Amino acid sequence: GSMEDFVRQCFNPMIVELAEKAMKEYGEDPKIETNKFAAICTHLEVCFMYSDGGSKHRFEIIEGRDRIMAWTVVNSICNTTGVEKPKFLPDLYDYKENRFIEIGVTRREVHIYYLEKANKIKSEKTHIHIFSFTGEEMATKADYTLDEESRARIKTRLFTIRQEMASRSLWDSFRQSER
Ligand SMILES: CCCCC(=O)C1=C(O)C(=O)c2c(O)c(O)cc(O)c2C1=O
Ligand SMILES: [Cl-]
Ligand SMILES: [Mg+2]
Ligand SMILES: [Mn+2]
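9 is the number of the first residue of the sequence shown in our numbering; add one for each residue after it.
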């Protein structure tokens, strides 16, 4: 109950509505699966923060879009470059280094998640980039895409959430709840 409260206090209304949508599409109730709610909100925020990271329109956002537009963006980019169309929707496209990006956000250790992602997606083409709430980060062939300045600004936001969750005692539960 106080997590739902937190979610609507801490996150911008656009992120909140996108999350509710994304959850209801799998039949999960945000008022009930409140730890998934917060987890989705955070993932989306990082995506949006990451996309502002570098040069102006360095990145095309794919996450947060409906499936048709999402795929329109993908199919369009593979048609005009020739980079292998992926088997799943990624999170961004990097116009500077011509590759898609999967972004992950983990409550566990950053190596455990990176493994699951790598095996989950296969397609050697795409890029992975994990963040934690404790400031850890792991990237594909250790290539961190953004500059250290913008990267820290994300990890700093992720920490404050961890703290502000802990402040309301919600964190202990939120950390055990990742599947
Ligand atoms: C299990 C198969 C279902 C697909 C799914 O729910 C996910 C996404 O669409 C997605 O876009 C996604 C991230 O972007 C992500 O960073 C972590 C994830 O765990 C997911 C997902 O798990
Ligand atoms: Cl807000
Ligand atoms: Mg969007
Ligand atoms: Mn992702």
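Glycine residues also receive a C-beta, built at the ideal position from the N, C-alpha and C atoms.
Within the continuous alpha helix (DSSP H) that includes residue i, where are the two ends?
i              : result
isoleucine 129 : 118-129
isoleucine 85  : 75-89
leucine 97     : Looking at the DSSP string, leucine 97 is not in any alpha helix (DSSP H), and its letter there is neither H nor E.
Leaving out five residues before and five after residue i in sequence, what residues of the same chain have Cβ atoms less than 7 Å from its Cβ?
i                : result
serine 10        : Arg176 and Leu178
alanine 126      : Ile136
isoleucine 162   : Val54, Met57, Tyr58 and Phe139
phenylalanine 96 : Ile129
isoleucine 48    : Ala27, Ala30 and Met31
Ligand 4 and residue i: does any heavy atom of the ligand fall closer than 7 Å to the residue's C-beta?
i             : result
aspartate 180 : no
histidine 51  : yes
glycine 112   : yes
Rounded to a whole number of angstroms, what is the C-alpha to C-alpha distance between residue i and residue j?
i              : j                : result
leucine 52     : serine 59        : 11 Å
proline 21     : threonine 50     : 13 Å
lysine 39      : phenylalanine 45 : 8 Å
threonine 148  : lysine 104       : 16 Å
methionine 146 : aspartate 37     : 31 Å
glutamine 17   : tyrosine 34      : 24 Å
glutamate 71   : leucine 26       : 10 Å
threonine 89   : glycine 112      : 25 Å
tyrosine 121   : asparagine 87    : 31 Å
Since residue i and residue j should fall inside the 8 Å C-beta cutoff, what is the C-beta to C-beta distance between them, to a whole number of angstroms?
i              : j                 : result
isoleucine 69  : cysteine 55       : 7 Å
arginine 116   : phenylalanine 141 : No, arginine 116 and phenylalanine 141 are not in contact; Cβ-Cβ is about 10 Å, not under 8 Å.
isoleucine 109 : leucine 100       : 4 Å
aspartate 102  : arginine 66       : 7 Å
Can you list, in chain order, the residues of its chain with a C-beta nearer than 8 Å to that of residue i? Leave out the 5 residues immediately preceding and following it.
i                 : result
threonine 42      : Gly9, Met11, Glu12 and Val15
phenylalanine 167 : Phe141, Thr142 and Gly143
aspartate 155     : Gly61 and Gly62
residue 189       : Since the first and last residues shown for the chain are 9 and 187, residue 189 lies out of range.
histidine 119     : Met146
Looking at the unbroken beta strand (DSSP E) that takes in residue i, where does it start and where does it end?
i                 : result
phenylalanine 67  : 67-69
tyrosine 34       : Segment: none, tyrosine 34 is in no beta strand (DSSP E) and carries neither H nor E.
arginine 107      : 107-114
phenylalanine 141 : Counting along the chain, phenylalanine 141 falls outside any beta strand (DSSP E), and DSSP gives it neither H nor E.
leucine 100       : 100-102
Does at least one heavy atom of ligand 1 sit under 7 Å from the Cβ of residue i?
i          : result
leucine 97 : yes
Quick one: residues in its chain with C-beta nearer than 6 Å to the C-beta of residue i, no 5 flanking neighbours on either side, listed in chain order?
i             : result
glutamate 92  : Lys133
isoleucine 85 : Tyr101
Say yes only if the C-beta of residue i is nearer than 7 Å to one or more non-hydrogen atoms of ligand 3, and no if none qualify.
i             : result
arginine 73   : yes
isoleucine 69 : yes
May I ask you to check if the CB of residue i is nearer than 7 Å to at least one heavy atom of ligand 2?
i                : result
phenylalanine 45 : no
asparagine 106   : no
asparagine 20    : yes
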